[PDB]
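We begin with a single chain expressed as structure tokens, specifically the form deposited in one PDB entry.
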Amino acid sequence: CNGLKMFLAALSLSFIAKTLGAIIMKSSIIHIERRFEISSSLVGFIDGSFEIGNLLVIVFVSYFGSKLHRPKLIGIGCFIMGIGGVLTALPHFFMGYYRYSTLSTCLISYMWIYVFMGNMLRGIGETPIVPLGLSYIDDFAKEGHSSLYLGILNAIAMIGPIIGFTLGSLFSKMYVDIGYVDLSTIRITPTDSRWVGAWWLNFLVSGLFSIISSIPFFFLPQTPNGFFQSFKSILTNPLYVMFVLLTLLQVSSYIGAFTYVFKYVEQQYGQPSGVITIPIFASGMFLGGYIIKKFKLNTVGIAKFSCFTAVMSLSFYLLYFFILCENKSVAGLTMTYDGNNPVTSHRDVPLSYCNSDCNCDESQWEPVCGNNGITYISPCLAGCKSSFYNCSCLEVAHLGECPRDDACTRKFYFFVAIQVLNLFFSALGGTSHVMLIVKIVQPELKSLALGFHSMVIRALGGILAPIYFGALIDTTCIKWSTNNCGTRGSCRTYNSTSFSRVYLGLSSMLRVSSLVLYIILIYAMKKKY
């Protein structure tokens, strides 16, 4: 270890800490919503507090910290996210004890602020890690060694989610009042709807891990051996602006896909919603950095390598239109209730003569699977009178939806193979964004160019892309569920070809536009260099 390797190890530990904190905040939020008795809008506000804290300071921290003691500011940020992790768990310590307390047959209050600001403090915590850290790495490393270091950092950052889901599953089974009550008196199970796990333990572990990872930065040297004018010079660079729009489109497609991969798998292939995926992603990230380092690519070479990986990723993505299994046959949604005549649409379908009594509820969704392979909406709509036996509408029934044929279970196995290959190719070009966006801009603007881009990716691709992906997804919903308060609820079944066409088409053209921007940017750097 000759100075820079110590910084590389400490920044690796900070990468583990920040990804661990993200996974912990995502996983413990159900227990937080149950314990603090807060609504969905408030808990969404607490979730978005990290974005609110991060985005408003990332550009200014990246600009002003590039001239200061960069490892000292990274250690200050790790200390800050540690204090936020402790402050998130501090509501538990001084609130007191937690207190908690249809066959359908055919008939013939202010404590969340300590979470909120704490999560907001975590938003200020992760802020100096990517721009100042990566500028410190690639300013002082050997010529070509920085891509290998970033690939190693992104590979070892995957230890963080492993610890996160492991400790979340470990501390969810524990009661929230562990160490305070006699556990024999606790009657409820983790399967109970009133169960609250030890969510505070997650934040205490993450906070003290961030405080431990803050320690080695204060022992590192500064060197191993205007805002508006600089922001104008950044935003008038055409290569930079085209690269930021390009990677915004690509990462927007990534996030909008990965948010609803499991919903698409559930609706298209019928399977229920990272055991092998995480080593594949880590090996792909390290191998992409190693390819960049060993082949000694220049700026144009790194651009062609990233372009080729994303061309190959879309080339594998375009097979998704050919492995589409057939639509579900659900009585009363795609056909009539008797299954003899297809319907014109799914909006207010008429009832059939097999269940003309109908002392049921059409809004209630309890799917049942018949012997003919046709799922029904409810057993009460299915004509079943005893429990299910003597079902009237089966005449030309187990609980749950019908499992589909093995013919598209084979297509599902093809689909998860193409997902594995696609995630390998997408992780193969992860380093190239930072390498290109360093080499494009001026050398004293490396951090700010890494800051503002990190603002554009997390805002317009991190926040907005799941919103508009979900907006285009929800227009394919067939059976809508009415909420208890009558507000915007959730969807239960989707028109599978329509939902698939919208999802894969939106991802596909959002990748095609990025490929066009690749070709223009390759021509632009070939003309300029």
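Numbers follow the displayed sequence, beginning with 1.
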item	value
Absent coordinates for residue 69 in a third or more of other compared entries	no
Residue 373 not built in a third or more of the other entries	no
Absent coordinates between residue 185 and residue 186 - deposited residues affected, binned into four classes	none
Residue 101 to residue 102: deposited residues without atomic coordinates	10 or more
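Below: the form solved in complex with a small molecule, not depicted.
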| property | result |
| --- | --- |
| Per-stretch contact check against the small molecule in the bound PDB entry, the hit in 362-370, 424-432, 204-212, 67-75 (non-hydrogen atom, 4.5 angstroms) | 424-432 |
| Residues 254, 257 and 281 all lining the small molecule in the bound PDB entry, heavy atom within 4.5 Å | yes |
| Distance check, residue 327 to the small molecule in the bound PDB entry, heavy atom within 4.5 Å | no |
| Contact label in the bound PDB entry: residue 419 to the small molecule, heavy atom within 4.5 Å | yes |
